[PDB]
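Here's the structure we're looking at; comments come further down.
Protein chains in written order, with the entry's author numbering: chain C, 49 to 91; chain F, 49 to 91; chain B, 803 to 851, 868 to 938; chain A, 807 to 852, 865 to 909, 913 to 939; chain E, 803 to 852, 868 to 939; chain D, 808 to 855, 865 to 909, 913 to 939.
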């Protein structure tokens, strides 16, 4: 029906916000562990 | 149509997998403040 | 009350201003949280009792500012990682963290009760 | 003074801080309206409906991010403040526990003068 | 070659057996990847030529069920690595006390790869 | 010294043989796809849904494998960094010898590759 097309909208969008939440948690993890070790480097 | 219906039947899963990646990703973040202390506790 | 500073010039005319909008952004946001919940108390209420070519673009407009919000949230939450790290670095044990924290939340409750002294 | 030893860190440029303040008064704007319609429909009882059920589903996870934004922006603020005062003269622990002890007494006193008027 | 643990009782049978399965696993993960690459390649030529919904779910929900396990799993071993790294980095004190072994196992995996060439070349 | 490392890392082997059967079980799953595809094609240059499902049953395997190869790298990366901790708590690992074997190992790549061009 049309309601099945409606979910085919918000979930088509709700994917594209996770996909950039998932990204942003890599962006910290990457820049985070090399910040922990940067302490010891400046220690 | 019914291809519009299949998009539902796959997005509802693709969202779900991204849901548990997100919770898992924080579950490795909220264990670092507990690692961050144990190091500077024994540094 | 935790701000120190005495002259420094127009910067105190800036930093005591930016603290306002911070202690006031959480006001608009929590007094909007108390609003949004009630919609569900009316939405869930309904069950026991439009246009598709623009339903998307009235949510894509809300989806986009949720891409920038999430991205902004994370790069900032990591801006607190190092700078809390360097504090737990430059300090060592009994956190000055939780003190200034439980100090600031205390002003709020005063600032949430003294305002009521002036409501009465 | 030390108008330069600061430099940056951080709440500088509120030209974004007030932006969030507008983009949240607006999501506040499209909320009471959003709720009065429903409130009226039940009041007038005792497509669009679904749109507003899911269009409010987007303001939650919008605020919930900004409510977190401040908290971390705060938690970020709670610390570079000492990153300045230590690079300055001093911040400390004995002093702050000093101000807590007075504040609770001031709270209780102000809580007191609340319980007297009504 | 960087294993040692010469006696230590009979546990040496174990840690060896698995280092002989994990390599065997990356060698079969490397395999699986190539056939998908050989398959999506084909899927493009299929594209050039231009089902049971309720049933379909059973065969898809099942394959997604390991995925939820996997990312829950992946993130778990992503925790123990980045903390057991520090416990050794602490000890390590600068110029890479760990990376050295990381460049080793790359090499010891080419040696065996060249062994296979000679072995096929019998 | 046994009970000393206790967990170390490389425990639970019946878990290790579990991942292996999967990928080998998934290998059989990828080939049968490949065939019918490889067959369907030559049908289109000789004779000149289920198609859409084996599609969405292969994109799903393209993450499982991507997981395990990520899983297996962070399964073995963790090892090298646990193997050293044990050897330090024992006698030692370390900074020198690890650079020594590397050099001879390159020689071992060289003196292997001499015979590779030898036979052919």
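In this text, a Cβ means the ideal position worked out from N, Cα and C, and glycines have one as well.
Exercise. Between residue 904 of chain B and chain F, is there a C-beta pair that is closer than 8 Å?
Worked result: no
Exercise. Helix or strand or just coil, what does DSSP make of residue 849 of chain A?
Worked result: helix
Exercise. Do the stretch 811–821 of chain E and the stretch 818–826 of chain D touch if we need at least three Cβ pairs shorter than 8 Å?
Worked result: yes
Exercise. With 16 other CB atoms within 10 Å as the buried threshold, where does residue 870 of chain A fall?
Worked result: buried
For this session: May I ask you to report which of helix, strand or coil DSSP gives residue 875 of chain B?
Result: coil
Exercise. Over what stretch of residues does the alpha helix (DSSP H) that includes residue 930 of chain D continue unbroken?
Worked result: 916–938
For this session: Find out if the Cβ-Cβ distance for the pair residue 880 of chain D, residue 833 of chain D is shorter than 8 Å.
Result: yes
Problem set entry | Proximal chain F residues relative to residue 83 of chain C, where beta-carbon distance stays under 7 Å | Going along chain F, no residue has its Cβ under 7 Å from residue 83 of chain C, so there is no contact; the nearest lies around 11 Å.
For this session: Please compile the residues from chain E whose C-beta is within a distance smaller than 9 Å of the C-beta of residue 76 of chain F.
Result: 892, 893, 895, 896, 899
Exercise. For residue 73 of chain F, which residues in chain B fall below 9 Å Cβ to Cβ?
Worked result: Residues of chain B passing the Cβ test: none, with the nearest at roughly 10 Å.
Exercise. How do the stretch 929–937 of chain E and the stretch 883–903 of chain D stand: do at least 3 beta-carbon pairs fall below 8 Å, yes or no?
Worked result: no
Problem set entry | Own chain partners of residue 900 of chain D with C-beta closer than 8 Å, once the 5 adjacent residues on each side are dropped | 909, 913
For this session: Report the rounded CA-to-CA distance for residue 847 of chain A versus residue 62 of chain C, giving the unit in angstroms.
Result: 29 Å
Exercise. With 16 as the cutoff for other CB atoms within 10 Å, does residue 805 of chain B come out buried or exposed?
Worked result: exposed
Exercise. Do you know offhand how far residue 839 of chain A's Cα is from residue 873 of chain A's?
Worked result: 13 Å
For this session: On a CA-only basis, which of B/928, B/915, B/916 is nearest residue 923 of chain A? Give me that one, please.
Result: B/928
Problem set entry | Within chain A, partners of residue 54 of chain C - CB distance below 9 Å | 868, 869, 872
For this session: Output, in chain order, the set of chain B residues within a Cβ distance shorter than 7 Å of residue 61 of chain C.
Result: 877, 878, 881
Exercise. Just by C-beta distance, which residues in the stretch 922–934 of chain A are closer than 8 Å to chain B?
Worked result: 924, 925, 927, 928, 931, 932, 934
For this session: Using only alpha-carbon positions, find the residue among A/904, A/918, A/893, A/878 that is nearest to residue 825 of chain B.
Result: A/893
Exercise. Which two residues bound the contiguous alpha helix (DSSP H) that contains residue 51 of chain C?
Worked result: 51–90
Problem set entry | Distance, residue 875 of chain E Cα to residue 926 of chain D Cα | 53 Å
Exercise. Between the C-alpha atoms of residue 852 of chain D and residue 845 of chain D, what's the straight-line distance to the nearest angstrom?
Worked result: 11 Å
For this session: Tell me whether residue 891 of chain D is buried or exposed, calling it buried when 16 or more other Cβ atoms sit within 10 Å of its Cβ.
Result: buried
For this session: Measure the CB-CB distance between residue 902 of chain B and residue 868 of chain A and report whether it falls below 8 Å.
Result: no
Exercise. In chain order, what residues of the same chain lie with their CB nearer than 7 Å to the CB of residue 836 of chain E, ignoring the 5 residues before and after it?
Worked result: none
Exercise. Are the C-beta of residue 829 of chain B and some C-beta of chain C separated by less than 8 Å?
Worked result: no
For this session: Could you tell me if residue 917 of chain D is buried or exposed, where buried requires 16 or more neighbouring beta carbons within 10 angstroms of its beta carbon?
Result: buried
Problem set entry | Straight-line gap, residue 907 of chain A to residue 906 of chain D (C-alpha atoms, nearest Å) | 47 Å
Problem set entry | Inter-residue spacing [alpha-carbon to alpha-carbon] between residue 57 of chain C and residue 81 of chain F | 38 Å
Exercise. In three-state DSSP terms, what is residue 908 of chain A?
Worked result: coil
For this session: Please say whether residue 66 of chain F and residue 66 of chain C have beta carbons closer to each other than 8 Å?
Result: yes
Problem set entry | chain F residues whose Cβ lies nearer than 7 Å to that of residue 884 of chain E | 65
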